[PDB]
Structure formats: C-alpha cells, structure tokens
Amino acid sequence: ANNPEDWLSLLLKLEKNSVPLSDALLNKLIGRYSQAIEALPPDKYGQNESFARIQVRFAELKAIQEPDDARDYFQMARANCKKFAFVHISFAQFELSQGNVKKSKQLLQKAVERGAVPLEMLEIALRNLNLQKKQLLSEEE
C-alpha cells in the first residue's frame, strides 16, 4: 500500500471528491500530497511514472497556493524523476506563467539535451513557446 500507484489513486480520488474546491479543501489536498511524499523514498522511484505525477501535482498545486515559493518543488520533481518529459514541461510551464520566458526555454532545451522522453512532447512545448502561446501543451495535447 506504500507504493506510488496506490497513493496517486487515493490522491486523485480525494481531489475528485473535493469538487467544488475551496481554499480549505485545497490546503487539505496539498497536505495529503505532502503525506504521500513523506511516505515514498525517491531513490527507488526515479523511473516510476506515478511517483513523477505525485511530485508534479504537488508542485502544480503549490504554484496555485504559493506561487512565489513554488520553484523548489518543480526542481524537486525534476531532480527525482528526470527521465520524464512531462516533469520538465511542468517546470517550464511554471516559469513561463511567472513571465520567465528565457528560463522556460532553457528548461525545455536541457530536457531535450538530456534525452527526457517522449521527445515529441518536448518538441511540441518548444514550438508553442516559440509561438508565444500561454500553455506549452494544450489540454487536448
């Protein structure tokens, strides 16, 4: 039961059950994500897609709850789950949303250089960044 897949399921369910979201419910959800991260050693889960999702969701929620403090959580996810393109792109999306366009591009280029996968997701993100779109990946992409 202490595995990322079971944790991710519980966390997605909690969020589904918390709609319509309030400040109070969001704080509770963020607290539960932290509890998952306290329970899952990153060492054995560096290539685990659910663990990567847990960390990215935590960073993305912190970007809502505390955007001026959220950078380190994206750095955390990237340090722990570097193989996944979606992790780098989430970080790049955060930097872009903060107006940090050059940083967003640097992050995406470094992911490509380091062979994060799938490459096509990175190429789409770089395309949209160059077109100056607000979202590196559309909801439909």
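Numbering starts at 1 and follows the sequence shown.
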Take the C-alpha B-factors listed in the entry for 65-73 and for 29-37, compute each mean, and give the stretch with the larger one. 65-73
On average, are the C-alpha B-factors higher in 119-127 or in 5-13? 119-127
Against its chain's modelled residues, does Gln109's Cα B factor rank lowest, middle or highest third? middle
Splitting the chain's C-alpha B-factors into thirds, which one does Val56 fall into? middle
Split into thirds by Cα B-factor across the chain's modelled residues, where does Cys81 land: lowest, middle or highest? lowest
Taking the C-alpha B-factors as the PDB entry records them, is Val87 in the lowest, middle or highest third of its chain? lowest
Looking at the entry's B-factor column for C-alpha atoms only, identify whether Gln98 ranks in the lowest, middle or highest third of its chain. highest
